[PDB]
């Protein structure tokens, strides 16, 4: 089969600036190459066909070029709604194949997270487990450090993080970190704290609560 290789696995481009994506074929595929846009949670959408023909209803800022083995998708003035994974595809000969995709992030200005901490609910505690949740809301860039402390001890290995996909509308990320303890362990300690390090904060932000206090 003809292998399609997409060069930068990721791209981070400021809004209004030009994004250039590369797709390389292992053999000649002429101009029988298409490009698809796939936003998180959605099906792919045909963008470009015949290497350079814009599909109907696709905005003019999307253009394709190339022939033979080297192809290029250019987004001339990257808009925030263009956050997506972009896939190329050859149909020069059977079997049709896809490239591995290039993920395009919008490089907006730095935004500090708003931080919130949530104690475990009384209802969960009846189950024998305590989940403590730390939320970092609407920040950029994606890189952030979240540290849990329980009565001054850094907790490691007993939390998990989830990060949203970049928000189309404001180009930010949000992040949840969940610290899980047994009820027995939870009730043995007093001070629960989430400390957040991020480029948009002049120094780390701590949100904390004392178990059993309000």
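Residue numbers count along the first chain shown, from 1.
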Could you check which stretch, 153-161 or 65-73, carries the larger mean CA temperature factor in the entry? 65-73
Mean Cα B-factor comparison, 116-124 or 92-100, giving the higher one as deposited: 92-100
Which of these, 173, 186, 148, 50, has its C-alpha atom at the highest B-factor, as the entry lists it? 50
Would you mind checking where the Cα B-factor of residue 33 ranks among the modelled residues of its chain, as the lowest, middle or highest third? highest
Just say lowest, middle or highest third for the CA B-factor of residue 191 relative to the other modelled residues in its chain. lowest
Within-chain third of residue 197 by Cα B-factor, per the entry: lowest
Consider only the C-alpha atoms of the modelled residues in this chain, order them by B-factor as the entry records it, and name the third containing residue 46: lowest, middle or highest. middle
